[PDB]
Asks: 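Please read through the structure below; I'll follow up with questions.
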Amino acid sequence: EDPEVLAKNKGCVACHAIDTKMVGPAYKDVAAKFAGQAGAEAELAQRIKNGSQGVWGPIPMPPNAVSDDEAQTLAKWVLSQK
Ligand code: HEC
């Protein structure tokens, strides 16, 4: 649905904010970082779904219980946070 709704329902808000650094990077900072990079949406989608570690630091993001569709919706929305 609404990406902010997914962000709540899927537990992203425990570790991320749009404008504030929490455990995970702020979405505003992600958007800025991956600005101007080819394939950023698809890569962020797979990382949201499957987890990552060492992209932003040593703390891992565990895998999230989201579908490909949800992951894509989230990735697109994160990248748009200007
Ligand atoms: C705490 C256990 C987390 C949960 C729940 C979510 N994220 Fe996360 N995220 C977390 C960390 C520690 C990191 C940095 C990982 C790293 O490799 O350094 C991230 C990273 C992201 C990113 C940036 C890309 C990446 O580093 O993999 C995005 C776009 C992101 N996270 C989004 C996101 C979404 C949409 C979440 C709910 C489905 C979510 N995260 C949850 C920590 C945690």
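Counting begins at 1 with the first residue of the sequence.
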Asks: Give me the ring orientation class for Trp77 and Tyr27: parallel if the planes are under 30° apart, tilted from 30 to 60°, perpendicular past 60°.
Replies: perpendicular
Asks: Is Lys49 close to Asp68 at the side-chain level, that is, under 4.5 Å between some pair of heavy atoms?
Replies: yes
Asks: What's the shortest heavy-atom distance between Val23 and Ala14, and which atoms?
Replies: CG2-O, 4.5 Å
Asks: Does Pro63 reach the side chain of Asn50, with side-chain heavy atoms less than 4.5 Å apart?
Replies: no
Asks: Which heavy atom of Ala45 sits nearest to which heavy atom of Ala71, and what is that distance?
Replies: O-CB, 3.5 Å
Asks: Mind checking whether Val78 and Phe34 have side chains closer than 4.5 Å, heavy atoms only?
Replies: no
Asks: What is the distance from atom NZ of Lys8 to atom CD of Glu1, rounded to the nearest 0.5 Å?
Replies: 10.0 Å
Asks: Is it the case that one hydrophobic cluster holds both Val30 and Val13, taking links as side-chain heavy atoms less than 4.5 Å apart, direct or via other members?
Replies: no
Asks: Verify the cluster assignment for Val55 and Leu74: are they in a single hydrophobic cluster under the rule of side-chain heavy atoms below 4.5 Å apart?
Replies: yes
Asks: If we only count heavy atoms from C-beta on, is the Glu70 to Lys10 side-chain gap below 4.5 Å?
Replies: yes
Asks: Starting at SG of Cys15, measure out to CG of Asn64 and round the result to the nearest 0.5 Å.
Replies: 8.5 Å
Asks: Let me confirm one number: the CD-OG distance from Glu41 to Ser80, rounded to the nearest 0.5 Å.
Replies: 9.5 Å
Asks: Which value, rounded to the nearest 0.5 Å, describes the distance between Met22 atom CE and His16 atom NE2?
Replies: 8.5 Å
Asks: Using 0.5 Å steps for rounding, measure from the CG atom of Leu79 to the NZ atom of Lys33.
Replies: 14.0 Å
Asks: Charged N to carboxylate O below 4.0 Å: is that the case for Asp29 and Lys21?
Replies: no
Asks: Which is it for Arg47 and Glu43 under the salt bridge (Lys or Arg N to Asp or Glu O under 4.0 Å) test, yes or no, and what are the steps along the way?
Replies: CA-CA 6 Å; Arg47 284 173 171 164; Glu43 194 39 49; 2.9 Å; yes
Asks: When you measure from the side chain of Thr20 to the backbone of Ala17, do you find a donor-acceptor pair of N or O atoms at a distance under 3.5 Å?
Replies: no
Asks: Quick check: does any side chain N or O of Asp2 sit under 3.5 Å from a backbone N or O of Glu4, one acting as donor and the other as acceptor?
Replies: yes
Asks: Can you check side-chain contact (heavy atoms from CB on, under 4.5 Å) on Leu6 and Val66, steps first, answer last?
Replies: CA-CA 9 Å; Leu6 276 179; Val66 296; 5.7 Å; no
Asks: Any donor-acceptor pair under 3.5 Å linking the side chain of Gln81 with the backbone of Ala31?
Replies: no
